[PDB]
Amino acid sequence: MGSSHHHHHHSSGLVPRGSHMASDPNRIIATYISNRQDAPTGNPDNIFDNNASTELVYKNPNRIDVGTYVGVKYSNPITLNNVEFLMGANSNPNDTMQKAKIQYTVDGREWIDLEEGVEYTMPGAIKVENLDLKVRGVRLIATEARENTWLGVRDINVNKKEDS
């Protein structure tokens, strides 16, 4: 129980030792995010697998003002090279953001601006480059969504055979 003074390490005690370090998987998962608590129309695999063969569209709530956004979160802070949300609309190509840029969380907590002040209200295929920066998850950020609207998704992947 500690010989000399110490008052434990900061707060928590025990002997964490380290981060284990043994069988480095080097694999990061990508969970789909969405301001709309809905279920994937068919299969979000287009994102989880990055194939763009299955369908995916959020809509449950046919009305949302500000905050409406989606993308894909990771498992932990990694070294990203470039993300690209390749999505459009479910039925009508005019079904997506109202006006906004893309987002991304750094410490897997807060989410800050990502792409230029573009209006991802008419985005067909989202993709960015020269984004070599560690990041946590990925997602778009709306500033004034529209009512009676859905979210058509085709395929979104991070580091799709890029890693640079």
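Quick one: check the C-alpha center-to-center distance for the range 89-157 versus the range 1-58, whole angstrom.
What the calculation gives is 21 Å, centre to centre.
Restricting attention to the alpha-carbon atoms of the range 74-132, what are Rg (one decimal) and Dmax (integer), both in Å?
Expressed in Å, the Cα Rg and Dmax of the range 74-132 come to 12.7, 36.
Amide H to amide H, which residues 5 or more places from residue 73 or on other chains are under 5 Å from it, using H placed in the peptide plane?
31, 32, 33, 138
Rounded to whole Hz and in sequence order, give me ³J(HN,Hα) for the range 124-136 from the Karplus expression 6.51 cos²θ - 1.76 cosθ + 1.60, θ = phi - 60°, writing x for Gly and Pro.
3J(HN,Hα) across the range 124-136, in whole Hz: x, 9, 8, 7, 10, 10, 6, 9, 4, 7, 3, 8, 10.
Put +1 on the Cβ of each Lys and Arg and -1 on the Cβ of each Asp and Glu in the chain; which of 122, 44, 93 then has its Cα farthest toward the positive end of the dipole?
The one lying farthest along the dipole's positive direction is 44.
Looking at the chain, what % of the alpha carbon pairs are farther apart than 24 Å? Working shown, then result.
Numbers: 5324 of 13366 pairs.
Percentage above 24 Å: 40.
Past the 24 Å Cα-Cα mark, which pairs from 99/160; 59/160; 134/161?
Numbers: 99/160 26 Å; 59/160 27 Å; 134/161 17 Å.
Over 24 Å Cα-Cα: 99/160; 59/160.
Which one, 70, 128, 83, has the greatest fluctuation when you compute a Gaussian network model over the chain with C-alpha springs under 10 angstrom?
128
To make sure I understand, if each residue's beta carbon is the centre and we count other beta carbons within 10 Å, what order do 55, 84, 116 fall in, fewest to most?
Values: 55 15, 84 21, 116 9.
Taking fewest neighbouring Cβ atoms as first place, the list is 116, 55, 84.
Size of the dipole of the chain about the Cα centre, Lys and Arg at +1 and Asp and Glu at -1 on the beta carbon, nothing else charged, in debye to 20? Mind showing how you got there, number by number?
Details: 17 positive and 21 negative charges, 87 e Å.
I would put it at about 420 debye.
Using alpha-carbon pairs under 8 Å, 6+ residues apart, how would you state the relative contact order of the chain in percent? Show your work: numbers first, answer last.
Values: 397 pairs, mean separation 49.2, N = 164.
30 percent.
Go ahead and estimate [θ] at 222 nm for the chain from helices alone: -39,500 (n - 2.57) per DSSP H run with n ≥ 4, summed, over the residue count, rounded to 500. The partial results should precede the final answer.
Details: 1 runs with 4 residues, N = 164.
Theoretical 222 nm ellipticity from helices: -500 deg cm²/dmol.
Backbone-built Cβ (ideal geometry, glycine too); neighbour counts: all protein chains shown. We did not get these values from a lab; they are worked out from the coordinates using the rules stated.
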